[PDB]
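The chain below stands alone and is given in structure tokens; this is the form deposited in one PDB entry.
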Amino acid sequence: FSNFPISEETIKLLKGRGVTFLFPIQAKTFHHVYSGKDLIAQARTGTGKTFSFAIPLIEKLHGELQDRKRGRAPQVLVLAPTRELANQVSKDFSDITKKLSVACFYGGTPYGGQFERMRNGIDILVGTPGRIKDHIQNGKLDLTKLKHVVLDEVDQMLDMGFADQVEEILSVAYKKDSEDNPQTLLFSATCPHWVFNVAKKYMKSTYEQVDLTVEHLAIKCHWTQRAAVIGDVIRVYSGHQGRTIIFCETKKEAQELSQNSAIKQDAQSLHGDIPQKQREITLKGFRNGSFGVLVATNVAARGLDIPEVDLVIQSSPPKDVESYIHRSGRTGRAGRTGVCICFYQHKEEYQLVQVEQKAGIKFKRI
């Protein structure tokens, strides 16, 4: 915890909860929270949202700790949508502070126990909007002495219809336009319109906000039409004076394809079953413009000097992903965007996702 001003006492209590270092949401918000800045945080479940406000709030409060006076008003108000979530936030506070009085006020429980806690004095108050609004009406609860307000799981509170109850509580604790109002920490995962209306009505003018080359095409094609569609994509992306390299896994398929009526007239084959003398000649032919289509096998190309192309075609999702990405970087001539086409069948659909994941690319599925 070296980067942060967390006391040795708090560090020891934190190790009991299995906290030895801060999660990203915590490290990013700590100083905004500690320094008293207003904040809107967007974070998913399990990211450690509770400690991102609890740890810096407890540290700030511990540093300004004035004698525990009976009947004291809360300094912190945490609004939570449910009893279950309010009890977890309370426990999280209680487990890392042995100096501050932590109260949990939810509805559908006797008022007596809560009135007693209010008389003894509260430092940190966690509660559901209903019960907090009740004790405001009673007069018994004083929320005009607040330094900090946390609106936890805002989305859930809105989905449950607590918008108007929260706005009522906010109207008591906040003065419209005051730069002296409590510090507001808003926790909304999706940030609906209500969040930005609350921010411009109750929050400070300035607030922090924290969140948490080649075209690759994939064509679904039945093997019986592949050669016809190959002729069509060449016509479109390569055309006249163009260069296309087709990659076929088997030496048979590559030979069969270079001889297919759709491309045969402008194509030449290249594989392991062709002499080194024929290979250097076909490479010269491709490089000088004797033919525009070079049909090859993924392995029989590995160390070969292939010129810049306009279009790369894989007959099926490649096994050899590094050969695919290397050849992809040599596509696109005269400032035109390079095009890599990948043909696939329904059985090869997850294979496409594997290529996407290994290569760090996303295919346009057509």
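When you see a residue number, it is the position in the sequence shown, counting from 1. We call the rigid core whatever largest set of C-alpha positions still superposes within 1.5 Å between the two forms. Residues that one form lacks are left out of the comparison.
Here the subject shifts to the form deposited in another entry, a form of this protein not shown in this document.
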item: Rigid core superposition between the shown form and the other one: residue from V149, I132, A80, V293 with Cα shift of 2 Å or more; value: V293
item: Rigid core superposed: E356 CA moves 2 Å or more between the shown form and the other one; value: yes
item: Core superposition between the shown form and the other one, C-alpha change of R226 at least 2 Å; value: yes
item: Did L270 shift 2 Å or more between the shown form and the other one, C-alpha, core superposed; value: yes
item: Shared-residue segments moving between the shown form and the other one, Cα shift 2 Å or more over 3+ consecutive positions, core-fitted; value: 24-26, 44-48, 213-366
